[PDB]
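Q: This one's experimental. Sequence and coordinates below.
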Amino acid sequence: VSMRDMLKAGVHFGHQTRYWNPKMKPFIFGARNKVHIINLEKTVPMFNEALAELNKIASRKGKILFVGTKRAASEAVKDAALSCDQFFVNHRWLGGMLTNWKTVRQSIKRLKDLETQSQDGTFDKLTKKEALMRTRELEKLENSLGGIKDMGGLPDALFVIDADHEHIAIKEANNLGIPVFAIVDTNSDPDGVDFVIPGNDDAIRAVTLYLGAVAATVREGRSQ
Amino acid sequence: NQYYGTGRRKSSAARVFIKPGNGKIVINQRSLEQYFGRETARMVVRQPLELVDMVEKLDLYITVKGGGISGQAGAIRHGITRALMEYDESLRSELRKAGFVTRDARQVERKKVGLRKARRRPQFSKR
Amino acid sequence: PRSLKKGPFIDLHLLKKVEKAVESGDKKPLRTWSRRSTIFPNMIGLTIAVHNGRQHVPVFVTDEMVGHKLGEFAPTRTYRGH
Amino acid sequence: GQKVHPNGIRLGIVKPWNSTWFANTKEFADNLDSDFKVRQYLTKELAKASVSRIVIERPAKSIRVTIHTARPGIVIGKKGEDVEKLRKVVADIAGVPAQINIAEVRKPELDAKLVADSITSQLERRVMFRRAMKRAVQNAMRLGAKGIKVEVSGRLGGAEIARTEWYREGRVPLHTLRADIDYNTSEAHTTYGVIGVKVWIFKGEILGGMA
Amino acid sequence: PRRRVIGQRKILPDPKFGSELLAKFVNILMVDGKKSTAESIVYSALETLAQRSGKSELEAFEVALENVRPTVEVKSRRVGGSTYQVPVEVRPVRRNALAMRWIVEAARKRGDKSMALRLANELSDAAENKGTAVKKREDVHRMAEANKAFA
Amino acid sequence: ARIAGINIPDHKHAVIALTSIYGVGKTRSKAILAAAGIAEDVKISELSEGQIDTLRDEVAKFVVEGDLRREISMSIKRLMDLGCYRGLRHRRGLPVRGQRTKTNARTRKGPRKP
Amino acid sequence: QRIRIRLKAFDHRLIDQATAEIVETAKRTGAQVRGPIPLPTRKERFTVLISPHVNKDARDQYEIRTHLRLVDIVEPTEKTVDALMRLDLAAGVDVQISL
Amino acid sequence: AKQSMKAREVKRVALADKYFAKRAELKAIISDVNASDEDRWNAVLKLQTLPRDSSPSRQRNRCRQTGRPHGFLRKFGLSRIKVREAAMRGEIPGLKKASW
RNA sequence: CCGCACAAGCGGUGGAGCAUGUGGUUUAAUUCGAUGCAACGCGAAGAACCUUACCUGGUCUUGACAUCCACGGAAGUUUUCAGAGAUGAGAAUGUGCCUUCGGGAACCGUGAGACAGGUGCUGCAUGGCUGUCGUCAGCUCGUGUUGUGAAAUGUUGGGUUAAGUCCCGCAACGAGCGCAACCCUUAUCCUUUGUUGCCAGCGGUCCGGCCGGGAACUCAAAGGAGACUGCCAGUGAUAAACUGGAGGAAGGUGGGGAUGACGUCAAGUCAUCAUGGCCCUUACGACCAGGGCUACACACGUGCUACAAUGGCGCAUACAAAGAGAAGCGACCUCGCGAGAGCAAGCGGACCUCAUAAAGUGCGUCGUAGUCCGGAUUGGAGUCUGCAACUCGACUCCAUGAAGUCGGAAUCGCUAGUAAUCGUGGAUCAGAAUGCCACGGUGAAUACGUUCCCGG
Ligand SMILES: [Mg+2]
Ligand SMILES: [Mg+2]
Ligand SMILES: [Mg+2]
Ligand SMILES: [Mg+2]
Ligand SMILES: [Mg+2]
Ligand SMILES: [Mg+2]
Ligand SMILES: [Mg+2]
Ligand SMILES: [Mg+2]
Ligand SMILES: [Zn+2]
């Protein structure tokens, strides 16, 4: 992504000067209208160097977890993961999702068992109210673990939108040593992101830019 | 032609038959006012037809069994309405809105153990 | 009242004892456990002890008592008040 | 509090009777008491036959008994001579041409009876009850049960007061009627007295009655 | 009724008269469901009302109600530590019930040899602002104003 | 009225005036009336002596009034005097027909005591 | 000429298998059947105290439901009656064969 | 309960047994309308000479399984506790807890 | 925040009488146990004998019953004598059967003890079981993370729910016991099968679905199909959820049952049984008759019936349900005032019988009273059951005609087919139902609410 490509999307935009985090000073161009302005001169090379690492991970058969819980951007992140055959979290991130992997695996097994059972049959044997209730539970499990049913094991890389909002995920990752790739607004604490991208995390246009560029490079890394 | 019915109630059940052209009502080979020793029974059995306003347009051949006179008359009114329906099927709505396709299931309850009745609790002197 | 088709009821060995009274007359007041047998015109003007449950009380038989039973004269529940 | 007996409540729903014969009021009490006596005799003689189920039907005239156990050739002894004189004594106690049948269960770990009975045996072997039930529950569950629950009652360890214990393992739901829960009660007779033991195993839910 | 408020099952208009307050009426006077004997007692009395009061006995019903119908009631609770006789106003159905109870017991207490005679004697009384039903209405419309000190 | 039973019963329906007589119950009343053949609801007033005599006779057939009371008193006197169980109970004022001696026997027991 | 057979059971499934066997043996010989026509089956209630000492309130209610089937064949051949003679059934099934 | 009681009931039964015929004929005779009034008389006398325990009245329906006198299920003759146990393990065929 | 928690209702209790329990009191004995909830028409679903464990008397001691060892005898039957019987003494009758004839089985008796025997105590030695909190919604766990760790998180908060019911926020998430639901039962309809069930159409018919016939209908009883806030709007985090409507036999877990998470209470029971300890053993064992378990200065509970004209009485007449049955139900006939009796069909019963619903209604009568209310209580004479109705059964008839003329304080119970009434049956039972488990008839009133009581 080129600085012009970002700037038109508005990547330079930031939170209010009232709400910023201390470590973000190096990445901040300045202030206008009491608004923090992010410096694309740092943003572009760091994003490119992160894309290099993401391409490397995906080119060694890496499993990638796209992470974002914004109600606006949930579907964008889900489609972003689907466009590169990867795994995602687009709804509320459960505490200890990565650390309590065994519980998620039992939940994944239950979701697989319910969907297989409905295809196999025995719904007629169940009462119609029970069959409807089973369908509702299957739908609820699909809503919760639609993205990670096929992750199989712990992912090899994480992509995070608004790292401050998803702080539990990054704490888990660091506890596991799983690398964190994150779009970091001025209000976030950048310590947890090993490849940090400072940029707007709310705006739909810039978020979609991040996701599309990452997914293009991930498909490229897969293709070899 | 003929239009039957089966009106049910707490303990009665009544077959019903509509043969048009009249208003006479043979019931268990009886006449209504002669069938019952209660008048309100006859009133509540007239109720549905009185609402549809067709008295001497269809005579009735009906047969009620089991239960008490009120449950009887209720099953009667029910089967009446059922016949009215299967004879009109436009007035099914008319009696549903009239509230006569109810099929009342209000029935006695079993006498539960330790209860001097089906629901009444013994006079347990708490003090 | 038991019945009338069966007549009164009186014991075998009680009849033995009463016929001994017959042949003998006034004798040792006979005794029985059977307060249930019926009095008969033979046993008149005599007495008999019958078990109150622990001891046999002697009732001196008279006419008007005939036909009645013995247990109506041999008490078994005693009482002196409180 | 005082809970419902689990096998009684699931009978017919998922559980078959241990006797089937149709009879009438006249030939019923006699019938069932004869059946009691033959059952009890078998219990006492088969203390080692690992009897799990002793079902008895009285067909129209004949009667047949069927025993699900785990000492198959042993219940047979040799050429059924044991079970043959058994057929004689049951025909004589029942006054009926006897029809003995046996069909072992290869999963003694997977009933509620045989396991509790082993437990009581080891109880008179003076083993530690806790370790015993641990052994048993793990053997059974590992073998493939869906859940086991055990309980023993009475002055445990030769106590001076009746300490109870219950232990859970796996999953045993006792309010889902579609489920199958094998259950059994047994006893052990210590010098200190008697100690109750109760055993449940949930083994998945059945779909479509006994079928 | 700690979560929901239920009351009495919806009445049905009497087929014999078409009206409805008669139905709730006979039900208040009804015992164990002695329906026949109970409607015979009320119809026999409205008839002689239709004569001793001229026509409009069905309307003489209301001629009795409005004369006896209560306007005020008292309902005391322990909201702060003790009770107080508070006058208060209620929806028309409750006062329907109260006035009907008043004329149901007015008839029964008098006795007048027979139920039909006793009922007929009071219906007239209530219809003409005299007697005991309107009198017990005076009790409630009288003691209430004196204890209007507070609420 | 001035009938064989000295009592002058209500000038009302025959039987009501009849069972009024001690020793004459509904059975006695209707049976005596059967012989007269008069209506059940005939009052003593409006009825002449021409039938009062007859009914006086029909009740003279039975033993009634004081004579019956004397027979009932005797049927109990000697009963007590034989010292029979029920006789001793009659002497003690007790239910001689085998009822709960413990409670709610106040009928023959009489008043309530602490 | 009729042949009636009452069947008394405890579960209607078993009696249904039995009646199936009956009517099939009937049609083997081409018997002339009048159908199962289930009859009023009998229900026997029983409540007993479950508490050994001083507890009238505690009781448990059970019930026996003898399911009831009837078959009739108006033209029994020999090849009809031989079947019921050579009939094969369970134990809890109860038969009552008659003219 | 006490084995004495059990065996005693057995004896009462067997005794009521072998006098059944005589009891039948004597009941007949004493009940026989227009008996000799002496044949009937000495008949009832001889009847009061038979062992008492030949009557059925001396008997008491006793629990077969326990010997509990009370709570006798004349259908099964079992203690009120035992019939429930037969339902619990499924001994009585076809039986189950009712719910109506 | 909650529950008929109160409230608001509805009918009671507490007055009367009677039944029925308990404790007193008494007994020779009034057998034991149950003891606020959570004893008290208790265990008992049914004590004249039996039951009975209890009194009194009568007796027995390897014994009523169990096993073992001898000795003997077939086993049996039937009768006499005495006893009050238990029992003792007998007399007759049979003296067999399988036998490898040697024995053996069935059993019977005697001895011998090895033993039996216990409802002896100990539910604070226990098993098993049940009552209670409470079908209250809770109770917990795995893993995670949080802290070095006691621990915590979930289980919290905002909503919402019958509900730890649900949802969302969320270092929690996920499971388990629960809750729910799957069960049974009940409400609509469909398929199947239609006799002993049905009679719509038909003809016949003495008019009786009766008789041909009918398979429809009704039921029958197996299948089913159904109700999901599925619909629509109203809301409401757009969330759950909620308001209301429609549809609909049915609507918001349709109706009702079964189902009791934990635990709590040395809750109850060693007199169901089982069982540790002790415990007597010619007896704390056993066997028999009689008694008692039924007493009554009393007390206390629980019920029934009443105090009346919505009633009483007479006459007339309609409508049920659910059951039960062959040492059984038992019609029919006749008789008997009835209680009944005789006669005897039928039926192991969709078939016969019980079994002929009451309240209801129609008509007349009473005309308000200690009454034609009320009926206890005593009299007389039966009836029936069983050996046997004194102690103490049920029941008819005649006769009597207590109190009671609506019951202080206090208090109970009840949210719909409920209450409240009217009858029906069943279990137990020779017989002995106001009780209890059931069934239908009739069918109400009240909820402002949660401020109060009670409890959670
Ligand atoms: Mg014992
Ligand atoms: Mg008896
Ligand atoms: Mg004791
Ligand atoms: Mg539950
Ligand atoms: Mg709580
Ligand atoms: Mg005795
Ligand atoms: Mg007693
Ligand atoms: Mg009267
Ligand atoms: Zn941001």
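A: Cool, the structure landed. Numbering: from 1, shown residues only, chains lettered A, B, ... in the order given. Ligands and ions are numbered 1, 2, ... in the order given.
Q: so is the residue lying closest to residue D:6 once chain neighbours are set aside in a helix, a strand, or just coil?
A: Computed as C-beta to C-beta, 6 or more residues apart in numbering or on different chains, the closest residue to residue D:6 that is not its neighbour in sequence is residue D:183, at 4.5 Å. For the C-beta atoms, the positions are set from N, CA and C on the backbone; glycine is no exception. Classification of residue D:183 using DSSP: H, G, I helix; E, B strand; the rest coil returns strand.
Q: beta partners for residue D:183?
A: Beta-bridge pairing for residue D:183 (DSSP bridges): residue D:200.
Q: Run a quick neighbour tally on it.
A: Residue D:183: 24 surrounding residues under other C-beta atoms under 10 Å in any protein chain shown.
Q: how far away is it from residue D:156?
A: 21 Å (C-beta to C-beta, to the nearest Å).
Q: count of residues packed around the residue in chain D that chain F sits nearest to?
A: Proximity of chain D to chain F (C-beta to the nearest C-beta) peaks at residue D:2, 36.4 Å away. Residue D:2: 7 surrounding residues under other C-beta under 10 Å.
Q: Phi, psi for it please.
A: Note on residue D:2: its backbone torsions stand at phi -70, psi 110 [degrees, to the nearest 10].
Q: how about whichever helix in chain D runs longest, does it get close to chain H?
A: In chain D, with assignment by DSSP state H, the single longest helix is helix D:29-45. Yes: under the criterion of C-beta under 8 Å from any C-beta of the partner chain, helix D:29-45 makes contact with chain H via D:29, D:32-33, D:35-36.
Q: Work out the gap between that helix and the centre of the chain.
A: Between the centre of helix D:29-45 and the centre of its chain there are 15 Å (C-alpha atoms, centre = their mean, to the nearest Å).
Q: just stretch H:5-24 next, same as before
A: With C-alpha atoms, centre = their mean, you get 8 Å for stretch H:5-24.
Q: coming back round to it: list the buried residues of the longest helix of chain D.
A: D:29, D:31-32, D:34-36, D:38-39, D:42 (16 or more other C-beta atoms under 10 Å in any protein chain shown).
Q: any idea which helix or strand comes after the biggest helix by length in chain H?
A: As assigned by DSSP H, the longest helix anywhere in chain H is helix H:3-17. Per DSSP states H and E, helix H:3-17 leads on to helix H:20-31 as the next helix or strand towards the C-terminus.
Q: Contacts for the longest helix along chain F, please.
A: Identified as the longest helix of chain F according to DSSP H is helix F:65-81. Helix F:65-81 has contacts (C-beta atoms under 8 Å, 6 or more residues apart in numbering or on different chains) with C:64, F:4-7, F:21-23, F:63, F:86-88, F:90-91.
Q: quick one: the helices in chain E?
A: Here chain E has its helices, by DSSP H, at E:21-29, E:35-52, E:57-68, E:92-110, E:115-127, E:133-146.
Q: cool, and chain C?
A: C:12-24.
Q: can you tell me the residue of it closest to RNA strand I?
A: residue C:71 (2.0 Å; C-beta to the nearest atom of the strand).
Q: now the residue nearest to that residue when sequence neighbours are not counted: how far from chain F?
A: Distance criterion C-beta to C-beta, 6+ apart; nearest residue to residue C:71, sequence neighbours excluded, is residue C:35 at 3.6 Å. The gap separating residue C:35 from chain F is 11 Å, by C-beta to the nearest C-beta, to the nearest Å.
Q: Centre-most residue in the chain?
A: Went with chain A since none was named. Centroid check for chain A by C-alpha atoms, centre = their mean gives residue A:67 as the closest residue, at 1.6 Å.
Q: Correction: the question concerned chain C.
A: Most central in chain C (C-alpha atoms, centre = their mean) works out to residue C:70, at 4.1 Å.
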